[PDB]
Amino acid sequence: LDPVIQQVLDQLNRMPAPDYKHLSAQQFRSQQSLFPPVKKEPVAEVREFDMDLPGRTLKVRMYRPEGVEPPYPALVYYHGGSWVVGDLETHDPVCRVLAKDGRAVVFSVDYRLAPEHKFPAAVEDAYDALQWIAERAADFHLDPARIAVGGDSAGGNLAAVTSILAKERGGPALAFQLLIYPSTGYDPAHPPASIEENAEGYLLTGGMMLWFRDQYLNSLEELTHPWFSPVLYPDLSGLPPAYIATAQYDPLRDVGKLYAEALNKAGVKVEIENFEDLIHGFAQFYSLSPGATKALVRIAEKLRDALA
């Protein structure tokens, strides 16, 4: 068997065969891990509904894990995609792993994308979505004291900013921040080592990074706007405890590190783990790469411990 294939098969075969004799087409379609060849972990329930907010409606997908009992701890998740791409489908596999292994109800938010909707549209969506869900904790049998925010890449950025906004606005209460190789920013006059080092050859490149910023931002001044680069916010005290995952061969590796330092500096509890042999966006390789698979579950296990 071809190297990669043998690996994916065991990864895809991990779960048994669904009781085909009693399987509906809609269910098969929602769970099929054939194309793309990415495994979709089973959860007890997946609901999709609309979130009517002022000026716009956001689609949402809720994942309730099997074996967990109410009140449920929860995670409001914002997908990655550099503020320009990604949707509920691209990160469906990721949310399933976080719900299943994190033992928490996950709410994946379909926030508005640039350039159609420039900064700070996504930021407003992230906060308002958190607020909408928190206001409806009972509706989802959630434990109000165990609602966390999180995201990968641009999504991690949104989760981090939402926490600050929630602090300034007086709420809602956030119990934890799950930041997966987040784009939390840095000072352009002090770009960390990794930015220069891993500029090319690892999926996320410098040319790509500038391009994404062009699509998302309106002016150069916004490069240091705290809602874009939260690491620059002057008062990170009182924020929710956080867990940050970084990838060794990721230009944003040191960016994640810089946020752990800023949070730590402000007296915020934070744990940062750097994953060896992985690149930016490794969550997308869940079920394909053994290392990525192990790392993403490790991240989900960190979420579980945090919301216990």
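For every residue, the number given is its place in the sequence shown, counted from 1.
J.: Please compare 279 to 287 with 37 to 45 and name the stretch with the higher mean C-alpha B-factor in the deposited structure.
T.: It is 37 to 45.
J.: Pick between 132 to 140 and 177 to 185: the one whose mean CA B-factor in the entry is higher.
T.: Averaged over C-alpha atoms, the B-factors run higher in 132 to 140.
J.: Comparing recorded Cα B-factors across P120, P71, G80, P230, which one is largest?
T.: Reading the PDB entry, the winner on C-alpha B-factor is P71.
J.: Highest Cα temperature factor in the entry, among the options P172, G151, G238, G206: which one is it?
T.: Top of the list by C-alpha B-factor: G206.
J.: Please place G156 in the lowest, middle or highest third of its chain according to the CA B-factor in the PDB entry.
T.: Its C-alpha B-factor, which the entry lists for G156, ranks in the lowest third among residues of this chain.
J.: Could you look up the Cα B-factor of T90 in the entry and say which third of the chain it sits in: lowest, middle or highest?
T.: Answer is middle: the recorded C-alpha B-factor places it there.
J.: Going by what the PDB entry lists, where does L223 fall on CA B-factor within its chain: lowest, middle or highest third?
T.: Middle third - that is where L223 ends up once the chain's C-alpha B-factors are sorted.
J.: Once the chain's modelled residues are ordered by C-alpha B factor and cut into thirds, is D110 in the lowest, middle or highest one?
T.: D110: CA B-factor falls in the lowest third of its chain.
J.: Which third, lowest, middle or highest, does the C-alpha temperature factor of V255 belong to within its own chain?
T.: Answer is middle: the recorded C-alpha B-factor places it there.
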